[PDB]
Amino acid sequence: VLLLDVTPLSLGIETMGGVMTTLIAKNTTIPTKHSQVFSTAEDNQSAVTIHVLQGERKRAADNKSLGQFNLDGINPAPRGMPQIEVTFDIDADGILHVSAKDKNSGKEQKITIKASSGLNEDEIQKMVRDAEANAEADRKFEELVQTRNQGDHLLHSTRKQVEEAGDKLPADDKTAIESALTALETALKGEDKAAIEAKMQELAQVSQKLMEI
């Protein structure tokens, strides 16, 4: 064949830290279908937002929003435990169906997105050019968010361990841990990945007795 229908830009969702995670790559022939299992960002999360995006940028905010829906009724559980199946299905008419199903509860929500939605030909070309021109910056942002997500999880897991230990943790140790947690919390708001990793290292240096507990 000399011609066929494609989806002209990557399609995906916003994930933890404001990144776009792709489900369907740009120039994939249609009809097409792809599913991926996701989970919760924090402990006791009973709802997730499925924010549908079109584009090639690593920052979710830089892509074209196609729509969004919430999936509620998730049984509150530790982060990473729920299995949320997200499915992207584009029919032969270019109509996009996006669904999210929580495997444990069976709860499901879906949205239909019209073929005319999204970016036009000129906006597509500009999206591709802008993604190429900002390739190093988008990769640096992606690396920052991955370090931020680990730091955020370290903040929660350490705070949980401190309350669990209580009296078992000596005063000198708890003091140092709390001081390192504040320094880590501050670094996480910044955009220097090495500064966050360094605060994570400093926290590990004062958490040795908390780890034995």
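Residue positions are given as counts along the sequence shown, with the first one as 1. Take the two forms, find the largest set of C-alpha atoms that superpose within 1.5 Å, and that set is the rigid core.
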How do 149-157 and 58-66 compare in 9 other deposited structures of this protein: which one has C-alphas farther from this form after the rigid core is matched?
-> 149-157
May I ask which stretch, 174-182 or 47-55, sits farther from the shown form in 9 other deposited structures of this protein once every structure is superposed on the core, judging by RMS CA distance?
-> 174-182
Which of 48-56 and 174-182 has higher mean CA B factor, as the PDB entry lists it = 174-182
Mean C-alpha B factor from the entry: is it higher for 24-32 or for 163-171?
-> 163-171
Most elevated Cα B-factor in the entry, residues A92, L96, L119, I84 | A92
Looking at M127, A100, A115, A135, which has the highest CA B-factor as recorded?
-> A135
State the tercile, meaning the lowest, middle or highest third, of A204 with respect to the CA B-factors recorded for its chain.
-> highest
Should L2 be placed in the lowest, middle or highest third of its chain by the C-alpha B factor in the entry?
-> middle
Third of the chain, ranked by Cα B-factor, where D152 sits | highest
Report the third (lowest, middle or highest) to which the CA temperature factor of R139 belongs, ranking only the modelled residues of the same chain.
-> lowest
Divide the modelled residues of the chain into thirds by Cα B-factor and specify which third, lowest, middle or highest, holds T158.
-> highest
